[PDB]
Amino acid sequence: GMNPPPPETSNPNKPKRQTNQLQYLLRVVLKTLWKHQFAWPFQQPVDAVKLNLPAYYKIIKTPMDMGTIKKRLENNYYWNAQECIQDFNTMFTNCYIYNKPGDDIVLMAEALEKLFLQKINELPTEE
Ligand SMILES: Cc1sc2c(c1C)C(c1ccc(Cl)cc1)=N[C@@H](CC(=O)Nc1ccc(O)cc1)c1nnc(C)n1-2
């Protein structure tokens with residue numbers, strides 16, 4: 001079968017701006033997760049064809065991954081930090097929704113999410 005198109009990373013119709021919080025989300029949060037030993041499955045959209053997961057995109061109707069988030073941050077796609085935080089949370093949630101407790105991939109997501117939470121705890125005040 002086929003994969004869906006990836007999430008958009010550009011949209012001139014969507015308002016955006018740079019903020020110090022979004023800068024932190026790139027320089028601290030994304031960078032910390034991206035380098036993690038368990039980042040690799042999350043660095044690009046799930047290829048449900050090569051991974052033989054034909055039900056993946058029946059189950060997961062809002063796909064998200066850090067490759068997409070990285071591009072969105074580098075392109076200044078977002079209006080606010082909450083939009084980006086939501087993309088991270090959607091990514092983790094998708095993994096937990098599709099898979100089962102204790103699966104390796106869930107353990108990987110949990111390791112990344114722990115770090116994500118530690119970093120967003122110190123999101124700076126907007127200025
Ligand atoms: C490139 C990607 S994306 C990505 C993965 C991979 C290999 C990995 C994944 C599984 C284990 C490890 Cl150690 C690393 C990544 N897991 C998939 C889900 C999956 O395929 N599960 C599965 C497992 C065994 C089996 O016989 C049949 C299906 C998944 N579910 N969410 C994501 C993300 N991923």
Side-chain angles (χ1 to χ4, degrees):
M2 290 176 295
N3 286 311
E8 69 181 29
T9 54
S10 305
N11 185 349
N13 288 319
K14 178 186 182 305
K16 56 264 286 104
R17 55 176 185 165
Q18 297 177 19
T19 73
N20 67 308
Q21 293 188 329
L22 283 163
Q23 199 172 336
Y24 178 94
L25 280 156
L26 180 56
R27 294 163 160 50
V28 175
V29 182
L30 184 283
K31 193 189 155 157
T32 289
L33 270 61
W34 189 269
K35 73 189 186 189
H36 194 280
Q37 64 168 346
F38 294 160
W40 61 271
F42 304 96
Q43 285 178 337
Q44 59 287 308
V46 169
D47 181 346
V49 178
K50 288 205 177 281
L51 297 170
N52 185 32
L53 306 172
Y56 187 85
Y57 291 111
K58 294 298 171 198
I59 296 156
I60 300 306
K61 297 179 194 263
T62 308
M64 189 48 58
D65 65 278
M66 297 200 294
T68 299
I69 292 166
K70 182 173 190 287
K71 290 177 201 187
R72 287 179 173 193
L73 286 165
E74 291 169 351
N75 296 346
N76 311 126
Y77 174 84
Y78 298 115
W79 186 259
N80 63 34
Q82 190 42 60
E83 290 175 346
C84 177
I85 289 167
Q86 181 59 66
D87 284 345
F88 279 104
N89 278 320
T90 293
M91 179 183 81
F92 298 130
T93 297
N94 290 344
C95 186
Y96 307 146
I97 287 291
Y98 181 77
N99 295 287
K100 61 187 193 298
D103 283 344
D104 281 348
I105 189 63
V106 169
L107 298 178
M108 293 170 93
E110 286 176 350
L112 300 174
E113 188 181 16
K114 176 173 186 179
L115 279 171
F116 171 74
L117 288 162
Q118 184 219 294
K119 301 308 179 181
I120 70 163
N121 180 58
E122 297 189 65
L123 190 73
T125 296
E126 205 175 350
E127 282 185 75

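Whatever order the structure lists them in is the order used to number ligands and atoms, beginning at 1. For the single chain, residues carry numbers from 1 onward in sequence order.
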Do you see a donor-acceptor pair shorter than 3.5 Å between the side chains of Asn11 and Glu8? yes

Short side-chain donor-acceptor distance under 3.5 Å, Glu110 and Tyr96: no

Passing candidate, side-chain contact (heavy atoms from CB on, under 4.5 Å) with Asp87, options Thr62, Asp65, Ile69: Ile69

Please tell me whether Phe92 and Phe42 form a close aromatic pair, meaning their ring centres lie under 6.0 Å apart. no

No-hydrogen, no-angle side-chain donor-acceptor test under 3.5 Å, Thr19 and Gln23: no

Are any of the side-chain heavy atoms of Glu83 and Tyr78 separated by less than 4.5 Å? yes

Per the under 4.0 Å non-hydrogen criterion, ligand 1 touches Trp40, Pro41, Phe42, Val46, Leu51, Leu53, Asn99, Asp104, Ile105, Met108

